[PDB]
2 protein chains.
Amino acid sequence: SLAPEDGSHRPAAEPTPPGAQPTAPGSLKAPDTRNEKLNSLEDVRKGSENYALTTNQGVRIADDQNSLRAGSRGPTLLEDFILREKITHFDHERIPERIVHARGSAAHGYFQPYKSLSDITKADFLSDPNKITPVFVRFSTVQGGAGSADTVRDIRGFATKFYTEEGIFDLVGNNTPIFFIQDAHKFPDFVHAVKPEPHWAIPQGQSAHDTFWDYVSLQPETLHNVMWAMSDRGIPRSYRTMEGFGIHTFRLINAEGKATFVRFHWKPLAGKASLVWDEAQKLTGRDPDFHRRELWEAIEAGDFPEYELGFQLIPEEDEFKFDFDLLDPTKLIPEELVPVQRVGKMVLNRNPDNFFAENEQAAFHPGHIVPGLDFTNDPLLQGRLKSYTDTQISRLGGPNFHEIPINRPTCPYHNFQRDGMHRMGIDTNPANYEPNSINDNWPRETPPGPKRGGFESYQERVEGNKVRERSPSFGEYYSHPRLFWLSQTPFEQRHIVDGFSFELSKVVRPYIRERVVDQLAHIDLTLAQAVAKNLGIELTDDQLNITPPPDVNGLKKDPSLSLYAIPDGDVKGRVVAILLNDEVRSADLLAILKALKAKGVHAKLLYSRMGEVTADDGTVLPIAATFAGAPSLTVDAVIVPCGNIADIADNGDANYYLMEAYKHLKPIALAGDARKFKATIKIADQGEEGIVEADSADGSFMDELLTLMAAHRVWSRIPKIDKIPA
Amino acid sequence: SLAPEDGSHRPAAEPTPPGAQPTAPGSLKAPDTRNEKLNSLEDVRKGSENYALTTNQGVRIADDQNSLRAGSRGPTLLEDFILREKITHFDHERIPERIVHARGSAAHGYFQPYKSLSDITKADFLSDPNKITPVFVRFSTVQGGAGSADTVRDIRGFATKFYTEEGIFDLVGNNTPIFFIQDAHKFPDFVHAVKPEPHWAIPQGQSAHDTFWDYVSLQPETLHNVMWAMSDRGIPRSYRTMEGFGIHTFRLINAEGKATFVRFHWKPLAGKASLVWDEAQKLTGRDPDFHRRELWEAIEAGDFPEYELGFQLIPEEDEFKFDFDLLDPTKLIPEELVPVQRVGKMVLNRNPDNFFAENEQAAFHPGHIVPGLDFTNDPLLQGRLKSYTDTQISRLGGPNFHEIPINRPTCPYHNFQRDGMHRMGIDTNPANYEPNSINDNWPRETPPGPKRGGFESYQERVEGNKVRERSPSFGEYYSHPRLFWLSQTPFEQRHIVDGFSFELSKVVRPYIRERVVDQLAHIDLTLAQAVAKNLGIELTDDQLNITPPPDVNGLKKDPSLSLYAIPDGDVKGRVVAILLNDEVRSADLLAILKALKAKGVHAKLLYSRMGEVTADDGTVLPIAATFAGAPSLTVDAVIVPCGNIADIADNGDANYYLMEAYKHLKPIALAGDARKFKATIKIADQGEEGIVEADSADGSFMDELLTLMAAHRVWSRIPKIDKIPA
Ligand code: HEM
Ligand code: HEM
């Protein structure tokens, strides 16, 4: 009996805010959240309570504290089969991590379409608004190992496994709408160049090193996605607050055989929000698991990540109607030209039970499509199709990875394939080949048709010679970078320039910095000059005269490319630090906490030590964390209630908490004598936008603070922060 | 797409200070550094200049930019074997990382003993002061993945492979002289408890979470190594500035058959030095590759890591003469009772060529001993013997891991083993068994003897029943934690208190924190009370009256357990930040650099942008990094020369640089008008010990600064930093 008598070891099986209860396996935290896939996993879920400890062969163990020896101080004996199994299993726990996207965090949920899309695709999962499709989604970074940090600057993966009634469909996308390269043949080159350098295996989780920017300087096709990575897109606040894209043009095929080109989007219903560079870098130190934690705790709290699936649709006859090639993955399709049509909603509503079994072993592959969908000749997509099955042979130990529970279809699967390492299914069919007579040819092929039919490829015409040649239509590199740049707000553009400037400052060979600056001058002179100035590089007269690339089909900006130009703020699921003192004004805290609760914003009560403090009226306040323990990096805003401020006014940690939150543009609210902290952050007597202050936390104080939180950060504060030593 | 004309792409193949050139593979950086192992790897080294690009089958490639497709916008063809091989190799790059110590950094070097040890051991590598043994050393953390951060709080591994003439000897040790647990059977329990928790796989590289403190609270045998982890031993400044220990008692066996008990030690000749927590944690975010980089750059600079091997030797007849069991690896042997005898010197003087091939694939195993060494019944060492060979079967793909180039013996090896995956050696022996007549029984067994003999185990007497039982002599858990505690300076004790407080504050279940504090009260009441206070816990009357454990064989302290109590500072290889302005006083810079050069201390020139600044005398100064890009975390002290101070006096990053270096107890030196920065760190016209100040930077100024650097940190400043907001 080692559990505490009071049952406080065990979290409540009900939704609870972040930090209120220990986190737990999803089926223990939320046993009543079900879907067809989660229910199909019941055959392999293993409990523990009230069971005897055994070997893997079912033999009960008596003494799991000692090896068998000759004498209690003697040598360990070879006959200890219980020690031997236990250490053998530990010795072989690890499997290779994914070659890319090794760092990732996943959850179960479900998808439903808003209406039947039968007129444009015969895909069964999109045929009926009442048809629910279980999903498993993994979000990831790209470069770093499985043990690397979350809030790096990097592209993010967004992969969705739809368990449909007509087969698994995997939509394996990223959080930007283009990729760095055009042809899959260059993927090992590009990835080698971004990953840690081969002599010393540095740096982890960073593109800020010579080989990455050497490759970018020599391959201008990369510049478009490099622009996105250098923007705040590269440092999202949360996987719930980034967009997702399939990048490639695919096809939808309807029952009549008509093909429509499609690009896939996910829209975050929580809005778009990103960190700022200093905060994201520092957060990789103070909490390298910040995104993983945030996702798990949002789900435990009921702040389920929701995303709307959208399609950009282009008729077959419009293939050649744009200035860029629809099959070129380094080009986006601006939403001003081709709007996203809303298709359905995905809700992620339960964590896994065991991260290794369900997350680490999940296998997604963009070749897993279903009837109603098809490929195009995008030469990056075409090469992906060879990679994702092949890599799973070593990563997951063989060709039966579809029998690992998380990967299993929920629909029927039967065929003549046999054997392979780790074969779970025991086939009874007398035949392992077709055509066969001895089993009357079962299982049988099925013709294509409007529903439940066999897969047939769209009969696209192919005409040309066998060539290793890039299409001339792909050889334009700067217009899309320039469209992206022009679409950003002035503060977004500053952050882009600072991203390039910081990264190129870590490039040891200066000629590479210069070469990158030369590429930037082909995109936009203002951007190039501002990066050059930060690097102590002077543009030449030739660089100053490079003519700007043309507009994209007449567009000189598209606001859907900005994170912030069109407000889409959502405060639910955000968190506020509350800096306590040893005699808090209980009326402020009542007003603060209830206003946050009403909008679904969480709070963390911080102090200079753990335990409790007692408010003015005797209310006992439990402390979640110390000021150092849960730094301002981990919250969206900071509130300091009135009370005995002299308690914390000389606490360097308390003062620094505010200076850090101030530098990183977060809303700050100060009630009563808490306004004494104004001098720490140098606020004028008459106040400033982005600082909420009043005699008490009552009246409009919390509404004003929540309004700032809806706008995410206080961009107008940017000029004032340069000066502050934080 | 080529090299710059000036040859600046290529590092000079001569020793250069950190930052002066791009880093490079060891064989290209230091081609004339050789040893028998480095030379033997020449059969597998592969160059690249002047060679054509080929498939792995030797076919020259003409276009490595494009897949083969039917027309330039058409589908990729299955017959593209060049794309297929390239992507296949990429798809299978990763192998499983090590179950523990997955994060690690390695280098080549050599060892030699100071005198023959033939009177106490017949081991050949210790027989002759002029017989040199090549080594390969990997230093590591424990918990985190291969892509986790370096400067976490954790134990460090320190593994040395000695390529001796009589076989490979691996000394697989850590940087503390004990382990957390007593019997190998519990290793998977302990490791599972410290590793990321299994539902959500959080936290990476941190013991600061519920499961680890749960296990500790329930297994008081862990407390000793936990004290070490929570002290600043847990956060070394560099792998060059920590101790190593084999932990277990082993035996030395001499030619006469006499057994002597031995514990192994490495003394770092650069002295003992650690970070402070706030700095270590922030550095995991600003540079998660800090120790990897620092090791590599020290070797490129000629600051080769050097270590003295040392033995604690205990005669066989003294086995039971201490108040702890020699075979208990949770107990250390105090150097006040048994002195460390110096044995020889190890010098690491070349980096590898390829991290994956040589570091990632290196396999170390403490069972790899040679004649003249032997085991004991330590029940932790005994079970380690089963683990290290077994794990290498899945990690390195099979039983031929000794044929991987880095693992190969440089002495002869021949036996009757055959086949296995990836078999390199082609055996010509007509026999694959013995005894055989058909090959006249070769290769033959060799009797044991004084030199070049076969291995025979020391004929230890074994008397006992077959039992799973812990020796009663092991059941004492508090006296070594207390001896360690009492042996630390007051500031080291404070840091211990702070480490426990920080960690337990991140344990969500409060009763776990309470149970840990109850364990601390069995060690030392001042320690327990100081942690309790930080946790808002009050000790009970019973807790206040727990009797302290007994002294260890009469010792009340042993200063060799402290990092800092006995000065052992060595500044060579340390680094100073020099904060530049746009008109540097060249006279200051000349004085600074000349003094640094005389003590082998490196400098990094920092500014508010990259490129160059020109000093008052026209000297062009290239800038290594910006104030934000190479924070004070990465240096040992900071110097601010005079010049146009107005240029940087209001720069927030420059001021914050000093506030962070101040908080972290680093020496700061300010010349001339740079003394105006004293205001930012709030400090006294008369000055303060630890801030060097003068009208100009001269010989006196620099001597003072270097004296401070020899003492590593300014511990007298600790009382002044709680108030600094940084
Ligand atoms: C549009 C461009 C691409 C996108 C959006 C993309 C997206 C992704 C994502 C999100 C993952 C992680 C899936 C997971 O969570 O397990 C991943 C894995 C992977 N990708 Fe891609 N990828 C792209 C291009 C490529 C290319 C060109 C190749 C090689 C030809 C490639 C090969 C791989 C491989 C080897 C994995 C590991 C897959 C596994 O172990 O299961 N990807 N990719
Ligand atoms: C005195 C206590 C121990 C010390 C000093 C120690 C030290 C180390 C070191 C330094 C490494 C990394 C070697 C390298 O750099 O590749 C390592 C790896 C490892 N150790 Fe230990 N260890 C201890 C206890 C244990 C125990 C009790 C076990 C299991 C019974 C164990 C199993 C392993 C395994 C599985 C590896 C991965 C080895 C490999 O993949 O090549 N260790 N150990």
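A note on names: the letters A, B, ... follow the listed sequences, proteins ahead of strands, and every chain is numbered from 1. Because only heavy atoms are used, hydrogens play no part in the values below, and waters and symmetry mates are left out as well, while side chains stay in. Just follow the structure's listing: the first ligand is 1, and inside any ligand the first atom is 1.
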Give a yes-or-no answer on whether the side chains of [X] and [Y] include a donor-acceptor pair shorter than 3.5 Å.
X	Y	result
B/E93	A/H192	yes
B/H248	B/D378	yes
B/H224	B/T330	no
A/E243	A/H265	no

* A/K161 to A/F364 six-membered ring, cation-pi geometry met (6.0 Å, 45°) -> yes
* Asked: Any non-hydrogen atom of A/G104 lying under 4.0 Å from ligand 1?
  -> no
For [atom], closest protein heavy-atom neighbour:
atom	answer
atom 31 (C) of ligand 1	A/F187 CE2, 3.3 Å
atom 38 (C) of ligand 2	B/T391 CG2, 3.7 Å
atom 40 (O) of ligand 2	B/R395 NE, 2.8 Å
atom 15 (O) of ligand 2	B/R138 NH1, 2.8 Å
atom 39 (C) of ligand 1	A/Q392 NE2, 3.3 Å
atom 16 (O) of ligand 2	B/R98 NE, 2.7 Å
atom 10 (C) of ligand 2	B/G173 O, 3.3 Å

Give the atoms of ligand 2, by number and element, whose distance to some non-hydrogen atom of [X] is under 4.0 Å.
X	answer
B/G383	30 (C)
B/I247	1 (C), 5 (C)
B/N174	4 (C), 5 (C), 7 (C), 10 (C)

* To do: Would you sort out whether A/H291 and A/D150 count as a side chain to side chain donor-acceptor pair (under 3.5 Å), showing the intermediate values?
  => CA-CA 6 Å; A/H291 289 155; A/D150 281 338; 5.0 Å; no
Are [X] and [Y] close enough for a salt bridge, meaning some N to O gap below 4.0 Å?
X	Y	value
B/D328	B/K331	yes
B/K186	B/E221	no
B/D91	A/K386	yes

* Asked: To which of B/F245, B/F136, B/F179 does the heavy atom nearest atom 2 (C) of ligand 2 belong?
  -> B/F179
Parallel, tilted or perpendicular: ring planes of [X] versus [Y], cut at 30 and 60 degrees:
X	Y	answer
B/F90	A/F187	perpendicular
A/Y215	A/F190	perpendicular
A/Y307	A/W266	perpendicular

* Asked: Looking only at heavy atoms, which two atoms of B/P379 and A/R69 are closest? And how far apart?
  -> CB-NH1, 3.3 Å
* To do: Can you list, by chain and residue number, the protein N, O or S atoms under 2.8 Å from atom 21 (Fe) of ligand 2?
  => B/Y388 OH
* Heavy-atom distances under 4.0 Å are what count here, so tell me which part of A/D91 touches ligand 2: side chain, backbone, both or neither. => side chain
* **Under-4.0 Å heavy-atom contact with ligand 2, by part of B/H248 that carries it** => side chain
